[PDB]
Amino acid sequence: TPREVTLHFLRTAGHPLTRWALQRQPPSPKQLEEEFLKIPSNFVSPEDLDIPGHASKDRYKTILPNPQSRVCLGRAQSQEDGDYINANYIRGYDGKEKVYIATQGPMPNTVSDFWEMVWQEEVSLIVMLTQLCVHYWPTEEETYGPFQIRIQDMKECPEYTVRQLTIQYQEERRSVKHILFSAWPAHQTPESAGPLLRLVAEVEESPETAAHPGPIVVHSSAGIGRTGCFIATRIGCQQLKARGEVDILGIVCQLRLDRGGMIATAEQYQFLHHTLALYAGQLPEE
């Protein structure tokens, strides 16, 4: 029943706020921290995961992908026998399936796994959140297992770099857009929310380039704190734009059902409210 209690909370908690309340009368910092601390982590224990050999492919022993939503790799790697990657499908706006994949930053031994996921899930956009983990993309051209990656273009913006990559598997070539957002330390927040919202706009402006729409890959070293903050921000912006309201509690609860631990800190939860209040004031009108 501890698990039942956890799952019931995450399915039912909610604090919808009109855009006016968000902008002009938000909950206090102490209210937001108390609210955040009530949310169950929904972390899976190593004992809950029966996937032999998975440990060598996790950056952090206690940060594991929930089994019901984990990404399983197909058999495109002739070198390895398992289907394991530390990554989860994440629902988006109104619970839409597989809008994102949240994953840890690749380690040297999981770089081929990462590109296999990108290929198999027809990913066309990767969002990386860091404070400037191995570089898994080339300066010019590298081969990772059966995948050749080449940089086609690279452009610099304030606080993010856009790379346009090509991924080749056999005679097939695909385009992948890669955005590296570079001033977000682990367990903390950016000093301002302006750049983050430009990153959100960059993401929204990105064309679909795959055969079928695929998840957006979002990662940061653990795949939960900054990763969770980014996805929550995008979903929150979508709610504000479509409905003139936002339920940030319910967004974080929906993310935690998909991957344990999403949004790592009360300060991050507070910054999420600030960022969304900023998005609300930037919305078009008079």
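The first residue of the sequence shown is number 1, and the count goes up from there.
Where coordinates are absent for parts of the deposited sequence, a chain break appears; between neighbours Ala211 and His212 there is no such break. Between the stretches 215 to 223 and 37 to 45, it is 37 to 45 that shows the larger average CA temperature factor.
For the pair 189 to 197 and 75 to 83, the mean Cα B-factor is higher in 75 to 83. The maximum CA B-factor among the listed residues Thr110, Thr130, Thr103, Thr166, taken from the PDB record, is found at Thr166. Of all the options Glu97, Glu172, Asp94, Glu202, the entry's greatest CA B-factor is assigned to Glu172.
The entry lists a Cα temperature factor for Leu283 that places it in the highest third of the chain's modelled residues. In the PDB entry, a CA B factor belonging to the middle third of its chain's modelled residues is recorded for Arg59.
Annotation for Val123: CA B-factor lies in the middle third of the chain's modelled residues. When the modelled residues of the chain are ordered by C-alpha B-factor, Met117 sits in the middle third.
Among all modelled residues in this chain, the alpha-carbon of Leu180 has a temperature factor (C-alpha) in the middle third.
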